[PDB]
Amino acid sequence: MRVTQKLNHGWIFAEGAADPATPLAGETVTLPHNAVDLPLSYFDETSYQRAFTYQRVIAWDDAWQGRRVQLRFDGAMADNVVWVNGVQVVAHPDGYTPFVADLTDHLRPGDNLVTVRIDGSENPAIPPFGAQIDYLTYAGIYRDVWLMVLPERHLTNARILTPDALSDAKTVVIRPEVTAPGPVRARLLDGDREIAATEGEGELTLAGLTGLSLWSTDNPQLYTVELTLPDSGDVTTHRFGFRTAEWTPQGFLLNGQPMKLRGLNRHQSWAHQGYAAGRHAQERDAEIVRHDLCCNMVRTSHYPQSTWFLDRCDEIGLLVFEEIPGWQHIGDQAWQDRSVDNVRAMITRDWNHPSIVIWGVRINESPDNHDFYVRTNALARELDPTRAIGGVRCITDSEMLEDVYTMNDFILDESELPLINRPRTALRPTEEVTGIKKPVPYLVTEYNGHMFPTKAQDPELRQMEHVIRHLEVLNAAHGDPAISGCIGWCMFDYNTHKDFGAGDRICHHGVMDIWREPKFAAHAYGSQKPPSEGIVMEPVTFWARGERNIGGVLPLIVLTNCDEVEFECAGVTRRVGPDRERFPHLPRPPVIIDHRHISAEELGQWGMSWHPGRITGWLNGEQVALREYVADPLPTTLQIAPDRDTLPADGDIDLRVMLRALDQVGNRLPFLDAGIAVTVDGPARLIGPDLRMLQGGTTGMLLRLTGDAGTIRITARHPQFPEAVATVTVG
């Protein structure tokens, strides 16, 4: 019988490279941990590019007698090396992938020193390093660490295969990985109900399984396989689901039904704390892509991400594209060996996730490299023949060793350039890009991003064009039968190197800001929701007379899953439907109100007084949404909106809390350049500065819980607002 327990609490952290065998002097920390907390903007991204040292005292326990004692590290950036009483026991250069330190043969009857040395240097021998990167990797032991006490003969892994999953009688085939020969018993479980069982050395089959359900994006049905070694007592469980995912030239199909893919790329970074955000924060990103942004797919730009994120995609029905750590650069032979190791470590950890339906085996936006990618493609196919292979490029006529030509197409809008005769084009035709006459599976894996940076507080007009651009691409993808779908660049604004973004160490490419608060472009994606799952209706306006050139709010884009939208202003009521002429292939084309529906004269257009407005959403002639705008917004409410009011007593939790400066009818004050002064008491600490800058009228913060019970109290203050307080009960 094994015992696993999270061992994040009680580490000691210090700058530099300390003697592994002596007690370390430094601060007590709770993992996940980021070595150097950064400002939001305009910082020296090399500040973390240096060595750090962590240490854990682990008392010997007599209940471990004759058992293996291991530490699993779920991830650390980077160049990791681990010592146990001064003796080195593993070293693992990669920053995105797990590694195990077997302590067993080096433990002594009292306290034991486990020392971990890391370095965040951009070491050219460790992918993705070697040159430029349009993201930051930070540093720290930014993922969980687990103390595992195992019987000698124990499970290290298992693979669950679902041959012929679309059948009324299903089959589960399981291939355990064990440390020595002997029986393995399996139980198929539906939560707590035992479906079937089998015992055997070798491959274990359960067949003739009736009444089970398919995993899909709508019904995320999961089952568990419990594995037991009857001789050693060991037990492990692996969730999977039953599902099929085929990339055919006619399109992507899920469980045999066609599905047009609609996704965003998502980094694993946050402001200030880098990658060191725990289970709860990881799970929240998944939920936001899936629900708020109503995507059926996410891409792990540009590395293996957290098991918590992937588990959460399993539990809520979000398809995943996961790739090896990369950003354009291909190092030497040895570098490529490590990239090939990365492929193995990515797929062996993640092969049971029904959410994962495609592997990225090229370095993102690399040039071609025949002998390198022959290797990555071969290895992926051997380790997992059940999923398609992709690998992201931004060039035409690329050598297609993989199953899907996964392409970043940035043609929108090149026609701005000076000697470009070609008209504004949202997406290229597949034959042009691939160079292959024969139809091949094809997925656009990024678009927009750097082609159209749009900051949270940028002008209404610019944000309109940003909205339009996500809409155009999504529409061209839904309209081209040869395009399996499209994945926008990108979910949120992210910190980058001095070589990218706006000089501020930020790429303003998100449809959401860096706190994952929507900008207007977000509801382009969210508005594709079916109405049964929620009404979305967001006008693309701040409702100010002279924000825009000339004045007025026409043309007004309304992002919505309503069948028609009503406009009331200045005694004019006008009902308008979704703009199908313009976005004919969108599931939920937006409503655009303009000169065709209302004239200048009607609204006293540029006849001096600014009026309030009301915008109502209609579904089958029934009013389902209402958005008011006042002519005269004034600071009315400083809203503190934590993602939860209640939390357990758990020091892994990073609680997101948004601050929004709101007028008399609850709209944000977009151009209020201001610091919200924040204090936090209770069992949690504020991450980042004490003063929070509004951008586009909102900003956000994460509060890392300490793990004690108590009440968190959040005070936010600004001289134009009433003092605002919020509490979250913990434990």
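Residue indices: 1-based, along the sequence shown.
Taking only CA atoms, the mean B-factor in the PDB entry is higher for 596-604 than for the other of 596-604 and 173-181. According to the PDB record, 104-112 carries the higher mean C-alpha B-factor of the two stretches 326-334 and 104-112.
Highest CA B-factor among the listed residues (508, 349, 614, 516): 614.
In this structure the maximum Cα B-factor among 463, 532, 97, 273 is found at 532.
In this PDB entry, residue 609 carries a Cα temperature factor that places it within the highest third of its chain's modelled residues. Annotation for residue 375: CA B-factor lies in the middle third of the chain's modelled residues. Ranked by C-alpha B-factor against the other modelled residues of its chain, residue 385 falls in the middle third. Per the PDB record, residue ranking by Cα B-factor puts residue 236 in the middle third of the chain. Among the modelled residues of the chain, residue 699 sits in the lowest third by CA temperature factor in this PDB entry.
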